[PDB]
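Every residue, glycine as well, gets a Cβ built from its backbone with ideal geometry; the counts of neighbours run over all protein chains shown. Here, each number is a calculation from the coordinates, and none is a lab measurement.
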Amino acid sequence: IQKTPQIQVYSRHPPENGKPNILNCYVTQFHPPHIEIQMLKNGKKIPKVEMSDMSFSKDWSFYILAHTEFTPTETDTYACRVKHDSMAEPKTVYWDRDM
Amino acid sequence: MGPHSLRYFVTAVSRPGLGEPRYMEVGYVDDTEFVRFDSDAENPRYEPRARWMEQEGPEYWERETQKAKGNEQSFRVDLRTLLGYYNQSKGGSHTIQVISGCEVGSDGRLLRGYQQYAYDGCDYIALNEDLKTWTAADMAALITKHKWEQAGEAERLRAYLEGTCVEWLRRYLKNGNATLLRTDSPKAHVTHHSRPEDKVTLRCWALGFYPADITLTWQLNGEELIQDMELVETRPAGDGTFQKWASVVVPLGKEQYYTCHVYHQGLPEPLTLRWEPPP
Amino acid sequence: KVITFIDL
């Protein structure tokens, strides 16, 4: 039985244009543990992306937090793309400043 | 300071063609990670995940490491055995997970013991509440069950639970006590959103809190709007604290008829807020 | 302290 990843994309701090922050990609509720997470800036992959240690919850599903450093701007688009066995194609989630 | 718990979350995942199985042991005190063994490192050792564990000396770590390496071997055997039970190929990757531990009361006495296994995301076998019988989830699990009943595994577990688990939790709780009682109250605020229509979205935010447990509600003159509210799963800020929000869609001009309530253990009293257009 | 696991 496989479980489809749930994803949230958001900043550590309240977004301010031109002020350094941290962008997070929180991936939960998936199984198996193998997963591929990429963070994109204007459609292009971001290279330095730290990954936290992996953990699992009471329902056996795994969860992990991916994060990268960034300086939000008015027009830059950000997203998180997840590749996982439970899904036909990779799931891309866009960052919403108000979410 | 009432009920407490000490649990180990174990993971063994086969990686045919890429190397040896990945093995991890992660311990929790009151749902707080305190120790971790990860076999995918240098010369794998048990490590402190909370500064208050650093008080335990060299002996402790060496003995916990050795046990972890032995556990790793046992799980490697388990992965092989389950291919046989389920007639599965040697080329596929599979996962075994365990949750093992205990929960005590304020008096230090055992309230409940856990020893539950899972294969590929599904329950496999679990030690019942009585600490004497096992619940098998499928036919493969029945094999282990007969085997474990015969060996008296239940008795070995009850012994670990009532003694070691329980006794070590007490130790852990008196070195981690102050730390585990840590409280970071939320800072809340309301944001206002609109896309040119006759509706607005009010979003209530709770930032910087710890622990994770929290409740956000939107009220329409005393009535909780659970059915029409949108809300995210509490998430980690990445700095140790958590975040969460709850939004509601209200008619343009009626913002002042809605109130957001924030309930968290670190608050003297629940927070009450409304949309507040800036100076 | 974690328990020592046996075989399935």
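Between B:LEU18 and B:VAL249, with labels modelled 7 Å along Cα→Cβ, what's the label distance in nm to one decimal, could you check?
Modelled inter-label distance: 4.2 nm.
What net charge do the residues around C:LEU8 carry, taking every other residue with its C-beta under 14 Å from that of C:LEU8, with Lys and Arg at +1 and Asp and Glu at -1?
Combined, the nearby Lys, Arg, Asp and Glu give -3.
Could you go through region B:250-261 in sequence order and give the Karplus-derived ³J(HN,Hα) for each residue, using 6.51 cos²θ - 1.76 cosθ + 1.60 with θ = phi - 60°, rounded to whole Hz, and x for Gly and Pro?
Running phi through 6.51 cos²θ - 1.76 cosθ + 1.60 with θ = phi - 60° gives 10, x, 4, x, 10, 3, 6, 9, 10, 10, 9, 10 Hz.
Which value, in debye to the nearest 20, gives the size of the charge dipole of region B:2-182 about its Cα centre, when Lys and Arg are +1 and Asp and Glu are -1 at the Cβ? Can you show the working numbers first?
Values: 24 positive and 28 negative charges, 25 e Å.
It works out to roughly 120 debye.
Relative contact order (percent) for region B:183-275, with alpha-carbon contacts under 8 angstrom and 6 or more residues of separation? Intermediate results must be reported in sequence, preceding the final value.
On the way: 217 pairs, mean separation 31.8, N = 93.
With pairs under 8 Å counted, the relative contact order is 34 percent.
Rounded to the nearest 500, what is the 222 nm mean residue ellipticity of chain B from helices alone, with -39500 (n - 2.57) per DSSP H run of 4+ residues and division by all residues?
Values: 4 runs with 64 residues, N = 279.
Theoretical 222 nm ellipticity from helices: -7500 deg cm²/dmol.
Where a Cα-Cα gap under 19 Å defines reach, which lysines qualify for B:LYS199, not counting those fewer than 8 residues away within the same chain?
The reachable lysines, counting only those whose Cα sits under 19 Å from B:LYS199, are B:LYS254.
Want the number for B:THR201 to B:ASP123: 0.36 nm per residue separation, take away the alpha-carbon distance, what's left? It would help to have the intermediate numbers written out before the result.
Working: separation 78, 0.36 × 78 = 28.08 nm, distance 4.16 nm.
So the chain would gain 23.9 nm between B:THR201 and B:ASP123.
To the nearest 0.05, what FRET efficiency results for B:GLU224 and A:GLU50 with a Förster distance of 45 Å applied to their C-beta separation? Working shown, then result.
Numbers: r = 39 Å, r/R0 = 0.86.
The computed FRET efficiency comes out at 0.70.
For the pair A:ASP59 and C:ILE6, how long in nm is the line joining their label points, each one 7 Å along Cα→Cβ?
It is 3.3 nm.
Using a 7 Å offset from the Cα along the Cα-to-Cβ direction at both B:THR179 and A:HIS34, what is the distance between the two label points in nm, to one decimal?
3.6
Can you list the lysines whose alpha carbon sits under 27 Å from that of A:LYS44, skipping same-chain ones fewer than 8 residues off?
Those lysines meeting the cut-off are A:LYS19, A:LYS83, A:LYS91.
From Cα coordinates alone, what are the radius of gyration and Dmax values for chain A in angstrom?
13.7, 45
Pairs to check: B:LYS67/B:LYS244; A:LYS3/B:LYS147; A:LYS58/B:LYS145; B:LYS69/B:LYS147; A:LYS3/A:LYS48. Give those whose C-alpha atoms are more than 29 Å from each other in this structure. Kindly include the intermediate steps, with their values, before the conclusion.
Working: B:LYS67/B:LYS244 39 Å; A:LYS3/B:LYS147 31 Å; A:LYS58/B:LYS145 22 Å; B:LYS69/B:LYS147 24 Å; A:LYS3/A:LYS48 27 Å.
Over 29 Å apart, Cα to Cα: B:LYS67/B:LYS244; A:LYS3/B:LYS147.
Consider all pairwise Cα distances in region B:199-279 and report the whole-number % of them above 14 Å.
Numbers: 2017 of 3240 pairs.
Result for the distance tail: 62 percent.
Ratio to report: Rg/Rh of region B:35-115, with Cα atoms as the point set and Rh obtained by the Kirkwood method; give two decimals.
Values: Rg = 16.8 Å, Rh = 15.6 Å.
Using Cα coordinates only, the ratio equals 1.07.
So which trypsin sites (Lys or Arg not before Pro) in region A:32-92 are both in a DSSP loop and have at most 10 other Cβ atoms within 10 Å of their Cβ? Display every interim value, and only then the final one.
Values: sites: A:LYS41, A:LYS44, A:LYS45, A:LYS48, A:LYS58, A:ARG81, A:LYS83, A:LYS91; in loops: A:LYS48, A:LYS58.
Sparse-neighbourhood loop trypsin sites (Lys or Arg not before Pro): A:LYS48, A:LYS58.
Averaging sequence separations of C-alpha pairs under 8 Å and six or more residues apart, then dividing by the length of region B:94-205, give the relative contact order as a whole percent. It would help to have the intermediate numbers written out before the result.
On the way: 134 pairs, mean separation 19.0, N = 112.
Worked out over region B:94-205, it gives 17 percent.
Please turn the phi angles of region A:84-94 into ³J(HN,Hα) values with the Karplus equation 6.51 cos²θ - 1.76 cosθ + 1.60 (θ = phi - 60°), one per residue in order, whole Hz, x for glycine and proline.
8, 3, 5, 10, 4, 10, x, 9, 9, 10, 8
Using 10 Å bins from zero, what percent of all Cα-Cα pairs in chain B falls into each bin?
Result returned by the calculation: 6, 21, 24, 21, 16, 10, 2, 0.
In terms of Cα to Cα distance under 12 Å, which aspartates and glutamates are near enough to B:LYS132, apart from those fewer than 8 places away along the same chain?
Within reach: B:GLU149, B:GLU153, B:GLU155.
Under the Karplus relation 6.51 cos²θ - 1.76 cosθ + 1.60, θ = phi - 60°, what is the ordered set of whole-Hz ³J(HN,Hα) values for region B:151-163, x standing for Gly and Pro?
6, x, 4, 4, 5, 5, 6, 4, 5, 5, 4, 4, x
Within a Cβ distance under 13 Å of B:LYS132, other residues only, what is the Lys/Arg minus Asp/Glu net charge?
Taking every Cβ under 13 Å from that of B:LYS132, the sum is -3.
Over chain A, what is the relative contact order in percent, taking alpha-carbon pairs closer than 8 angstrom and at least six residues apart?
Working: 223 pairs, mean separation 34.0, N = 99.
Worked out over chain A, it gives 34 percent.
For the protein assembly as shown, what are the per-bin percents of Cα-Cα distances with bins 20 Å wide, up to the bin holding the maximum?
P(r) over the protein assembly as shown, rounded to whole percents: 23, 52, 23, 1.
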